[PDB]
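Novice: The structure under discussion is supplied below as structure tokens; questions concerning it will follow.
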Amino acid sequence: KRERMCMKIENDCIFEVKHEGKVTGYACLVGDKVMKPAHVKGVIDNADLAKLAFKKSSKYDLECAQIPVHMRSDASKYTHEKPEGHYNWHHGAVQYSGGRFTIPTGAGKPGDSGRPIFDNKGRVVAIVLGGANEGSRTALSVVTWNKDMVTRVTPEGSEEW
Amino acid sequence: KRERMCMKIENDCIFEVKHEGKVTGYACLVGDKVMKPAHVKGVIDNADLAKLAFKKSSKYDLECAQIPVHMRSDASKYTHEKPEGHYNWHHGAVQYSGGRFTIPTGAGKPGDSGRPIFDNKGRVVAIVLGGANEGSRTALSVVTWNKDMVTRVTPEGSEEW
Amino acid sequence: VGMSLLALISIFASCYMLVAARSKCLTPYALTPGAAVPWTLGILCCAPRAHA
């Protein structure tokens, strides 16, 4: 049930980014803002999202823009509360312990940047940027939300996917 | 059950306004003040209310006047709390999500302005002014009440009904 | 000519510094679905005058 609704939301809220005919990253519809990591280069596979103006910021490595009015109902819902526990993700389940997003499997691959990390109730919590290979676990270089702030967490050795 | 006394209070707290003989909006009695939104033009289909002095305020798009003494028992009840969830309406149920009033059907049409939005217990929460086509949904542009202030919420792209 | 050129260069540099400071201080609020803090809005004017 949770996987099905997560996939249904992802299909309607995630768009691939094409550069030289190849996928490089994913742009997600969160709240009222299109979001995409800054380091990922390419064009979003959508005519409407193509001509939008993006406010870039290299400090947070993120490009944001205001979504068109006719797509406002096809966007996910967000949250800023991050209690301890487990969260869903398109490649399995992610573990949040002590402020760290860790991937037990190390299944991350370059080109998967921009995939949202989902909450239990289908809400979005954070957006992945890259992973740091710490033994059998992959610490996530992730960007999250405070009440009104964007904070970028970058564990040592992380590389941009 | 809920629809029954909902439309009964609607019957007791909604009067039509007609311009050139055709209905254009609805005026409702909330608390101790008759409310009719300013954008719609016409005359209230009642001798007593048509003779009252309506205070003008184009900033809030609302016209108010103090109800006569003998209509005080036919007025609804008000409140200032807006918990997340679902609320009632003449054309169905409205969804409150992230500070927005949204219509699941998107069947709102011009001439429906001024129809109150009810609570579960029959109290009034806001008044419908217009809507904005969010593709499959429509976000309601409504005027609500804070603890002691009037505030107006208008999503981008909204049109006045 | 030299004095006028120096004055114009200095004033353009100062204006650019003000613009850069405004844009860099105000950018993090456009990456959240949050408010603009009218206290900072009044001192630091922004393109969104009333919307968001």
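Here Cβ is always computed from backbone atoms with ideal geometry, including for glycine, and neighbour counts include all displayed protein chains. Values in this text are rule-based calculations from the coordinates and carry no lab data.
Novice: Among A:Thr138, A:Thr151, A:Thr102, which one moves the most in a GNM of chain A with springs linking Cα atoms closer than 10 Å?
Specialist: Comparing A:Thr138, A:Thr151, A:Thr102 in a Gaussian network model of chain A, the most mobile one is A:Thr151.
Novice: Other chains near A:58-69: what is the mean number of their Cβ atoms within 10 Å of each residue's Cβ?
Specialist: Values: counts 0, 3, 3, 0, 3, 1, 5, 1, 5, 0, 3, 9.
Going residue by residue through A:58-69 and averaging, the value is 3.
Novice: Put a point 7 Å out from Cα along the line to Cβ at A:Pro110; what are the distances to that point in the other copies, in nm, shortest first?
Specialist: Relative to the other copies, A:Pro110 has label-point distances of 5.7 nm.
Novice: Round to the nearest 10 and give me the degree value, 0 to 90, for the angle of helix A:2-13's Cα axis relative to the longest principal axis of chain A.
Specialist: 30
Novice: What length, rounded to one decimal in nm, is gained on full extension from B:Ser57 through to B:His91, with 0.36 nm per residue of separation minus their alpha-carbon distance?
Specialist: Values: separation 34, 0.36 × 34 = 12.24 nm, distance 2.81 nm.
Using 0.36 nm per residue and subtracting the Cα-Cα distance, I get 9.4 nm.
Novice: Another question about this same structure. Quick check: Cα centre of segment A:89-129 to Cα centre of segment B:89-149, how many Å?
Specialist: If we compute the Cα centre of each part, the gap is 36 Å.
Novice: Rounded to the nearest 0.05, what FRET efficiency do B:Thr105 and C:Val37 give with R0 = 35 Å and r taken as the Cβ-Cβ distance? Could you check? Intermediate values should be presented prior to the final figure.
Specialist: Details: r = 37 Å, r/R0 = 1.05.
The calculated FRET efficiency here is 0.40.
Novice: How far apart are the B:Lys55 label points across copies, placing each 7 Å from Cα toward Cβ, in nm, shortest first?
Specialist: Nearest to farthest, the other copies are at 3.7 nm.
Novice: Shifting gears a bit: Calculate the dipole size of the protein assembly as shown relative to its Cα centre from +1 charges on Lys and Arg beta carbons and -1 charges on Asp and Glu beta carbons; express the result in debye to the nearest 20. Mind dumping the intermediate values first?
Specialist: Numbers: 51 positive and 40 negative charges, 91 e Å.
That gives the protein assembly as shown a dipole magnitude of about 440 debye.
Novice: Same structure, new question: Put a point 7 Å out from Cα along the line to Cβ at B:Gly31; what are the distances to that point in the other copies, in nm, shortest first?
Specialist: 3.1
Novice: Return the inverse of the average 1/r over all pairs of distinct C-alpha atoms in chain C, which is the Kirkwood hydrodynamic radius, in Å to one decimal.
Specialist: On the way: mean 1/r = 0.0769 Å⁻¹.
Taking every pair of different Cα atoms in chain C, averaging 1/r and inverting gives 13.0 Å.
Novice: Moving on. Starting from the Kirkwood Rh over alpha-carbon pairs, what translational D in µm² s⁻¹ does the protein assembly as shown have by Stokes-Einstein at 4 °C and 1.567 mPa s? It would help to have the intermediate numbers written out before the result.
Specialist: Details: Rh = 24.1 Å.
Diffusion coefficient, whole number: 54 µm²/s.
Novice: How big is the dipole moment of chain A about its Cα centre under a simple scheme where the beta carbon of each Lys and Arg is +1, that of each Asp and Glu is -1, and everything else is neutral? Debye, nearest 20, please. All intermediate terms of the calculation are to be shown ahead of the outcome.
Specialist: Numbers: 24 positive and 20 negative charges, 58 e Å.
Around 280 debye, computed over chain A.
Novice: Can you list, largest first and rounded to whole Å, the semi-axes you get for segment B:14-161 by taking the square root of 5 times each eigenvalue of its Cα gyration tensor?
Specialist: On the way: eigenvalues 115, 65, 38 Å².
Computed over segment B:14-161, the values are 24, 18, 14 Å.
Novice: Please report which chain A residue places its beta carbon nearest the axis carrying chain A onto chain B, with the distance rounded to a whole angstrom.
Specialist: Chain A residue with minimal Cβ-axis distance: A:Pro83, 20.
Novice: Something else: In degrees between 0 and 90, to the nearest 10, how far off the longest principal axis of chain C does helix C:2-26 point, with axes built from Cα atoms?
Specialist: 10
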